[PDB]
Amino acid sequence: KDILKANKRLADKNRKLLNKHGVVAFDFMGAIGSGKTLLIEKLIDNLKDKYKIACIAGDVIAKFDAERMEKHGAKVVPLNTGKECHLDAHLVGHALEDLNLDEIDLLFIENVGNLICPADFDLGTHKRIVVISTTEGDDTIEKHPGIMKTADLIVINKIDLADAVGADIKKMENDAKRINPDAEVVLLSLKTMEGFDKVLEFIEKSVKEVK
């Protein structure tokens, strides 16, 4: 199989096109229901005064999250993935054709909920974000090191629920730091909004550092 080699070529092409039009793109990965959509929703709300934001929403049935993002004023391209367990640069490249990249500053891509397959499939983004939550259990990070090593930012979300599931958030934070020393690691609650400042900081730092 030559799958991963052909994907990378398309990812580099995606990145070059985005750079050509001054677009900074983020890949939002995570487990099922970790909080990817709600994070994106909050990011749109709090950055739209400064940036023109577009989204690509990928899932079995993309409409649910597409509709959520749209009500926040962002242009969304939905991608129904169906039986596929991941997105790829090929599909993302075609979604880009539906966007006016000259009228876009930021691109948020919500990947399929999956802590395994998306690790191998570069989409052509500048940064990769992995979102997990306390409610998945505090062994979630050490159980899935592969995807963690591909992240630029690891978000441990739903910290407000940690005690209710018996999750040690300090342990999780340390797991993340240890498995990927180069990543930023943020403890977040999208309910209380604690930690959100650090996610915004990551977005802004990323924009300034491009190329």
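Numbers for residues come from their place in the sequence shown, where the first is 1.
Undergrad: Which is higher on mean Cα B factor in this entry, 38 to 46 or 57 to 65?
TA: The deposited B-factors put 57 to 65 ahead on the C-alpha mean.
Undergrad: Highest mean C-alpha temperature factor of the two stretches 15 to 23 and 192 to 200, which is it?
TA: Comparing 192 to 200 with 15 to 23, the higher average CA B-factor belongs to 15 to 23.
Undergrad: Going by the deposited entry, which of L107, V112, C117, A95 has the highest CA temperature factor?
TA: Top of the list by C-alpha B-factor: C117.
Undergrad: Of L91, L99, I129, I132, which one's C-alpha B factor is largest in the deposited record?
TA: Largest recorded C-alpha B-factor: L99.
Undergrad: Grab the CA temperature factor for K143 from the record and place it in the lowest, middle or highest third of its chain.
TA: Middle third - that is where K143 ends up once the chain's C-alpha B-factors are sorted.
Undergrad: Thinking about Cα B factors across the chain, which third does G124 belong to?
TA: Middle third - that is where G124 ends up once the chain's C-alpha B-factors are sorted.
Undergrad: Taking the C-alpha B-factors as the PDB entry records them, is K171 in the lowest, middle or highest third of its chain?
TA: Answer is middle: the recorded C-alpha B-factor places it there.
Undergrad: Sorting the chain's modelled residues by C-alpha B-factor, tell me whether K149 ends up in the lowest, middle or highest third.
TA: Answer is middle: the recorded C-alpha B-factor places it there.
Undergrad: Within this chain's modelled residues, let me know which third the CA B factor of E70 belongs to: lowest, middle or highest.
TA: CA B-factor rank for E70: highest third.
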